[PDB]
Amino acid sequence: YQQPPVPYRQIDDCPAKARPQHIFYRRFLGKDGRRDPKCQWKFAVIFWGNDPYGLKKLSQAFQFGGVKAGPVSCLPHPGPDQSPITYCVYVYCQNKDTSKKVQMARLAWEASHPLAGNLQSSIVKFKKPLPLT
Amino acid sequence: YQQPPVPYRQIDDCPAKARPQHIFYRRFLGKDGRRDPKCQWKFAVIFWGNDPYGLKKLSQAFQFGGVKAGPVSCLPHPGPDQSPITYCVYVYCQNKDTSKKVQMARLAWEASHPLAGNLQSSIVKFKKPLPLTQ
Ligand SMILES: [Cl-]
Ligand SMILES: [Cl-]
Ligand SMILES: [Cl-]
């Protein structure tokens, strides 16, 4: 079964391929990236595309105190037959504002690097808080 | 990389372990289990627990026209060190009403089978629609 990505206590623990995107995010996010005990995890950003490799680096990059990305997952088949897999990554946050910021953080990264894929995305809102405390 | 659950054209195509739960969901959901082109995929139910095998059965059980579950995924480690894994499964719906019905569909199953694990769940709302059309 799938395992959650290994959390980084420091910068050097992140894989080399996802490191520059990670560094970009740590600086981009700033304070928002830090952990807030007062806020509940009821918000997330869903990223989806056809390339799991790119979503993997996004997943590996988004490992912070206030931003934690789940592993690479996928959406169910849209049709009655198996289709080309649409992969996806849920990037969980503590507040709605951080979710919007993460969404743009990717947009900033995509505009900076044309090699990166044009990921589709959406803000996610949960009714109950998730066990990430 | 992870793969999405297989879609069924008929009940006999559903995996054997998930068949008893699938047939129950097909009846309970009834008309709500069917697909609506007019509706957009902006809603979901996230189930989570410690047992991936139960969630895998749930995942395989929920495969309908208007209700489709993703594979067995998981939530990230809460702390800097590794802790016992919290597995999860998103069940995608077309409306909030159906998502509530799916949520209680499992609760009905849990009430129907005390052997089944007690899965924590929450309704999900997406700002932008998801590509599960046509
Ligand atoms: Cl990329
Ligand atoms: Cl959005
Ligand atoms: Cl809920």
# chains A, B, ... in the order shown; residues from 1 in each chain; ligands from 1
>>> closest_atom_pairs(of="chain B", to="chain A", cutoff="8 Å", atoms="only C-alpha atoms", output="Markdown table")
| residue | atom | partner | partner_atom | distance |
| --- | --- | --- | --- | --- |
| B:1 | CA | A:52 | CA | 7.3 |
| B:2 | CA | A:73 | CA | 6.0 |
| B:3 | CA | A:74 | CA | 6.7 |
| B:4 | CA | A:76 | CA | 5.3 |
| B:5 | CA | A:76 | CA | 6.5 |
| B:6 | CA | A:82 | CA | 6.9 |
| B:7 | CA | A:80 | CA | 5.5 |
| B:8 | CA | A:80 | CA | 6.5 |
| B:9 | CA | A:80 | CA | 6.3 |
| B:52 | CA | A:1 | CA | 7.5 |
| B:68 | CA | A:76 | CA | 6.1 |
| B:69 | CA | A:76 | CA | 6.0 |
| B:70 | CA | A:76 | CA | 4.8 |
| B:71 | CA | A:74 | CA | 7.1 |
| B:72 | CA | A:2 | CA | 7.4 |
| B:73 | CA | A:2 | CA | 6.1 |
| B:74 | CA | A:4 | CA | 6.1 |
| B:75 | CA | A:70 | CA | 5.5 |
| B:76 | CA | A:4 | CA | 4.9 |
| B:77 | CA | A:4 | CA | 6.5 |
| B:78 | CA | A:132 | CA | 4.7 |
| B:79 | CA | A:7 | CA | 7.7 |
| B:80 | CA | A:7 | CA | 5.7 |
| B:81 | CA | A:7 | CA | 7.3 |
| B:82 | CA | A:6 | CA | 7.7 |
| B:85 | CA | A:3 | CA | 7.5 |
| B:121 | CA | A:128 | CA | 7.9 |
| B:122 | CA | A:128 | CA | 5.6 |
| B:123 | CA | A:127 | CA | 5.8 |
| B:124 | CA | A:126 | CA | 5.1 |
| B:125 | CA | A:125 | CA | 5.4 |
| B:126 | CA | A:124 | CA | 4.9 |
| B:127 | CA | A:123 | CA | 5.4 |
| B:128 | CA | A:122 | CA | 5.2 |
| B:129 | CA | A:122 | CA | 7.9 |
| B:131 | CA | A:78 | CA | 7.4 |
| B:132 | CA | A:78 | CA | 4.3 |
| B:133 | CA | A:78 | CA | 6.0 |
| B:134 | CA | A:79 | CA | 6.6 |
>>> select_by_dssp(residues="segment 72-104 of chain B", states="strand (DSSP E)", output="PyMOL selection string")
chain B and resi 73-74+87-93
>>> closest_residue(among="B:116, B:28, B:108, B:91", to="residue 60 of chain B", atoms="only C-alpha atoms")
B:91
>>> residues_near_ligand(ligand="ligand 1", cutoff="6 Å", atoms="only C-alpha atoms and all ligand atoms", output="list in words")
residues 54, 116 and 117 of chain A
>>> write_last_selection(atoms="C-alpha atoms", output="mmCIF file, in the first residue's frame")
data_model
loop_
_atom_site.group_PDB
_atom_site.id
_atom_site.type_symbol
_atom_site.label_atom_id
_atom_site.label_comp_id
_atom_site.auth_asym_id
_atom_site.auth_seq_id
_atom_site.Cartn_x
_atom_site.Cartn_y
_atom_site.Cartn_z
ATOM 1 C CA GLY A 54 5.722 16.176 -11.678
ATOM 2 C CA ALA A 116 6.952 22.153 -15.564
ATOM 3 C CA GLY A 117 3.476 20.911 -16.446
#
>>> residues_around(residues="segment 92-100 of chain B", least_positions_apart="4", cutoff="7 Å", atoms="only C-alpha atoms", output="short mmCIF file (atom, residue, chain, number, x, y, z; two decimals) with N, CA, C and O atoms, in the first residue's frame")
data_model
loop_
_atom_site.label_atom_id
_atom_site.label_comp_id
_atom_site.auth_asym_id
_atom_site.auth_seq_id
_atom_site.Cartn_x
_atom_site.Cartn_y
_atom_site.Cartn_z
N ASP B 32 -29.78 7.70 -6.91
CA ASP B 32 -28.71 8.65 -6.63
C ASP B 32 -27.34 8.14 -7.07
O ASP B 32 -26.40 8.91 -7.23
N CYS B 39 -25.03 17.74 -13.73
CA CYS B 39 -24.31 18.04 -12.50
C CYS B 39 -22.80 18.03 -12.71
O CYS B 39 -22.28 17.31 -13.56
N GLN B 40 -22.09 18.84 -11.92
CA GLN B 40 -20.64 18.87 -11.95
C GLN B 40 -20.06 18.11 -10.76
O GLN B 40 -20.71 17.98 -9.72
N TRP B 41 -18.84 17.61 -10.92
CA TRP B 41 -18.19 16.84 -9.87
C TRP B 41 -17.43 17.76 -8.91
O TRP B 41 -16.22 17.93 -9.04
N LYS B 42 -18.15 18.34 -7.96
CA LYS B 42 -17.55 19.30 -7.03
C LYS B 42 -17.61 18.83 -5.59
O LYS B 42 -17.32 19.60 -4.67
N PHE B 43 -17.97 17.57 -5.38
CA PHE B 43 -18.22 17.06 -4.04
C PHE B 43 -17.59 15.69 -3.79
O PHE B 43 -17.41 14.90 -4.72
N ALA B 44 -17.28 15.41 -2.53
CA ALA B 44 -16.69 14.13 -2.17
C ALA B 44 -16.89 13.79 -0.70
O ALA B 44 -17.28 14.64 0.10
N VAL B 45 -16.63 12.54 -0.37
CA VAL B 45 -16.59 12.10 1.02
C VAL B 45 -15.24 11.46 1.25
O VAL B 45 -14.85 10.56 0.52
N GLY B 66 -22.71 7.89 -10.71
CA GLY B 66 -22.64 9.19 -10.06
C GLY B 66 -21.78 9.18 -8.81
O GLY B 66 -21.58 10.23 -8.19
N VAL B 67 -21.29 8.01 -8.44
CA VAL B 67 -20.45 7.86 -7.26
C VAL B 67 -19.23 7.00 -7.57
O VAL B 67 -19.35 5.81 -7.83
N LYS B 68 -18.05 7.62 -7.54
CA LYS B 68 -16.81 6.93 -7.86
C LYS B 68 -15.72 7.23 -6.84
O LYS B 68 -15.38 8.39 -6.60
N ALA B 69 -15.17 6.18 -6.23
CA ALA B 69 -14.12 6.35 -5.24
C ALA B 69 -12.73 6.24 -5.85
O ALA B 69 -12.52 5.49 -6.81
N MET B 104 -23.65 8.24 4.96
CA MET B 104 -24.50 7.43 5.83
C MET B 104 -24.64 6.01 5.29
O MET B 104 -25.03 5.10 6.03
N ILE B 123 -17.54 15.37 4.72
CA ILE B 123 -17.99 15.82 3.41
C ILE B 123 -16.98 16.79 2.82
O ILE B 123 -16.41 17.61 3.54
#
>>> atom_distance(atom1="atom CA of residue 40 of chain A", atom2="atom CA of residue 93 of chain A")
8.5 Å
>>> atom_distance(atom1="atom CA of residue 47 of chain A", atom2="atom CA of residue 88 of chain A")
5.4 Å
>>> atom_distance(atom1="atom CA of residue 105 of chain A", atom2="atom CA of residue 88 of chain B")
25.8 Å
>>> residues_around(residues="residue 11 of chain A", least_positions_apart="3", cutoff="10 Å", atoms="only C-alpha atoms", output="VMD selection string")
chain A and resid 8 14 to 15 19 22 to 23 26
>>> residues_around(residues="residue 21 of chain A", least_positions_apart="3", cutoff="6 Å", atoms="only C-alpha atoms", output="list in words")
residues 18, 24 and 61 of chain A
>>> select_by_dssp(residues="chain B", states="alpha helix (DSSP H)", output="mmCIF file with C-alpha atoms, in the first residue's frame")
data_model
loop_
_atom_site.group_PDB
_atom_site.id
_atom_site.type_symbol
_atom_site.label_atom_id
_atom_site.label_comp_id
_atom_site.auth_asym_id
_atom_site.auth_seq_id
_atom_site.Cartn_x
_atom_site.Cartn_y
_atom_site.Cartn_z
ATOM 1 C CA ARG B 19 -19.185 -7.493 -3.702
ATOM 2 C CA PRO B 20 -21.336 -7.738 -0.539
ATOM 3 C CA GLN B 21 -20.686 -4.069 0.239
ATOM 4 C CA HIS B 22 -21.052 -3.011 -3.392
ATOM 5 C CA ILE B 23 -24.467 -4.621 -3.847
ATOM 6 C CA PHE B 24 -25.674 -2.940 -0.653
ATOM 7 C CA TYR B 25 -24.525 0.479 -1.845
ATOM 8 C CA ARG B 26 -26.146 -0.085 -5.236
ATOM 9 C CA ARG B 27 -29.510 -0.675 -3.582
ATOM 10 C CA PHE B 28 -29.222 1.985 -0.878
ATOM 11 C CA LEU B 29 -28.085 4.780 -3.200
ATOM 12 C CA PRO B 52 -6.063 -0.117 4.357
ATOM 13 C CA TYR B 53 -7.759 -3.445 3.560
ATOM 14 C CA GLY B 54 -11.169 -2.314 4.787
ATOM 15 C CA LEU B 55 -10.816 0.977 2.936
ATOM 16 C CA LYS B 56 -9.812 -0.969 -0.170
ATOM 17 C CA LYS B 57 -13.075 -2.891 0.029
ATOM 18 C CA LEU B 58 -14.905 0.413 0.492
ATOM 19 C CA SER B 59 -13.016 1.865 -2.467
ATOM 20 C CA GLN B 60 -13.936 -1.119 -4.640
ATOM 21 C CA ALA B 61 -17.512 -1.052 -3.342
ATOM 22 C CA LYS B 96 -23.762 17.577 -1.687
ATOM 23 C CA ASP B 97 -27.002 15.662 -1.119
ATOM 24 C CA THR B 98 -25.531 12.486 -2.614
ATOM 25 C CA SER B 99 -22.298 12.951 -0.657
ATOM 26 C CA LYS B 100 -24.316 13.000 2.555
ATOM 27 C CA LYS B 101 -26.136 9.872 1.387
ATOM 28 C CA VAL B 102 -22.844 8.119 0.664
ATOM 29 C CA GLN B 103 -21.535 9.084 4.103
ATOM 30 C CA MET B 104 -24.496 7.433 5.829
ATOM 31 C CA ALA B 105 -24.356 4.502 3.407
ATOM 32 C CA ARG B 106 -21.133 3.444 5.108
ATOM 33 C CA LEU B 107 -22.637 4.172 8.519
ATOM 34 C CA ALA B 108 -25.512 1.895 7.544
ATOM 35 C CA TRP B 109 -22.984 -0.763 6.570
ATOM 36 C CA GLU B 110 -21.039 -0.285 9.808
ATOM 37 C CA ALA B 111 -24.299 -0.638 11.729
ATOM 38 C CA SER B 112 -25.136 -3.689 9.619
#
>>> decode(residues="segment 91-108 of chain B", atoms="N, CA and C atoms", output="PDB file, in the first residue's frame")
ATOM      1  N   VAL B  91     -14.344   9.525  -1.922  1.00  0.00           N
ATOM      2  CA  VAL B  91     -15.466   9.040  -2.717  1.00  0.00           C
ATOM      3  C   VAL B  91     -16.172  10.209  -3.401  1.00  0.00           C
ATOM      4  N   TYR B  92     -15.961  10.340  -4.706  1.00  0.00           N
ATOM      5  CA  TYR B  92     -16.408  11.516  -5.450  1.00  0.00           C
ATOM      6  C   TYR B  92     -17.880  11.460  -5.857  1.00  0.00           C
ATOM      7  N   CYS B  93     -18.596  12.551  -5.592  1.00  0.00           N
ATOM      8  CA  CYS B  93     -20.025  12.650  -5.883  1.00  0.00           C
ATOM      9  C   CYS B  93     -20.323  13.856  -6.769  1.00  0.00           C
ATOM     10  N   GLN B  94     -21.553  13.940  -7.265  1.00  0.00           N
ATOM     11  CA  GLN B  94     -21.948  15.054  -8.126  1.00  0.00           C
ATOM     12  C   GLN B  94     -22.692  16.166  -7.381  1.00  0.00           C
ATOM     13  N   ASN B  95     -23.302  15.831  -6.250  1.00  0.00           N
ATOM     14  CA  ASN B  95     -23.950  16.841  -5.416  1.00  0.00           C
ATOM     15  C   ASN B  95     -23.752  16.599  -3.922  1.00  0.00           C
ATOM     16  N   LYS B  96     -23.954  17.648  -3.130  1.00  0.00           N
ATOM     17  CA  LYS B  96     -23.762  17.577  -1.687  1.00  0.00           C
ATOM     18  C   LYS B  96     -24.758  16.615  -1.045  1.00  0.00           C
ATOM     19  N   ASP B  97     -25.954  16.543  -1.620  1.00  0.00           N
ATOM     20  CA  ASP B  97     -27.002  15.662  -1.119  1.00  0.00           C
ATOM     21  C   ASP B  97     -26.585  14.199  -1.239  1.00  0.00           C
ATOM     22  N   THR B  98     -26.001  13.846  -2.380  1.00  0.00           N
ATOM     23  CA  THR B  98     -25.531  12.486  -2.614  1.00  0.00           C
ATOM     24  C   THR B  98     -24.340  12.156  -1.718  1.00  0.00           C
ATOM     25  N   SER B  99     -23.462  13.135  -1.519  1.00  0.00           N
ATOM     26  CA  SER B  99     -22.298  12.951  -0.657  1.00  0.00           C
ATOM     27  C   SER B  99     -22.719  12.649   0.778  1.00  0.00           C
ATOM     28  N   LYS B 100     -23.787  13.293   1.232  1.00  0.00           N
ATOM     29  CA  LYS B 100     -24.316  13.000   2.555  1.00  0.00           C
ATOM     30  C   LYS B 100     -24.896  11.592   2.578  1.00  0.00           C
ATOM     31  N   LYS B 101     -25.532  11.196   1.479  1.00  0.00           N
ATOM     32  CA  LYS B 101     -26.136   9.872   1.387  1.00  0.00           C
ATOM     33  C   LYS B 101     -25.074   8.777   1.370  1.00  0.00           C
ATOM     34  N   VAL B 102     -23.958   9.054   0.705  1.00  0.00           N
ATOM     35  CA  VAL B 102     -22.844   8.119   0.664  1.00  0.00           C
ATOM     36  C   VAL B 102     -22.230   7.966   2.051  1.00  0.00           C
ATOM     37  N   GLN B 103     -22.105   9.083   2.759  1.00  0.00           N
ATOM     38  CA  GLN B 103     -21.535   9.084   4.103  1.00  0.00           C
ATOM     39  C   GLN B 103     -22.321   8.188   5.058  1.00  0.00           C
ATOM     40  N   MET B 104     -23.645   8.238   4.959  1.00  0.00           N
ATOM     41  CA  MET B 104     -24.496   7.433   5.829  1.00  0.00           C
ATOM     42  C   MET B 104     -24.645   6.012   5.294  1.00  0.00           C
ATOM     43  N   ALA B 105     -24.329   5.827   4.016  1.00  0.00           N
ATOM     44  CA  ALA B 105     -24.356   4.502   3.407  1.00  0.00           C
ATOM     45  C   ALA B 105     -23.322   3.601   4.068  1.00  0.00           C
ATOM     46  N   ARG B 106     -22.165   4.173   4.386  1.00  0.00           N
ATOM     47  CA  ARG B 106     -21.133   3.444   5.108  1.00  0.00           C
ATOM     48  C   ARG B 106     -21.562   3.233   6.552  1.00  0.00           C
ATOM     49  N   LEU B 107     -22.174   4.257   7.140  1.00  0.00           N
ATOM     50  CA  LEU B 107     -22.637   4.172   8.519  1.00  0.00           C
ATOM     51  C   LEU B 107     -23.721   3.109   8.649  1.00  0.00           C
ATOM     52  N   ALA B 108     -24.513   2.951   7.594  1.00  0.00           N
ATOM     53  CA  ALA B 108     -25.512   1.895   7.544  1.00  0.00           C
ATOM     54  C   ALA B 108     -24.818   0.542   7.490  1.00  0.00           C
TER      55      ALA B 108
END
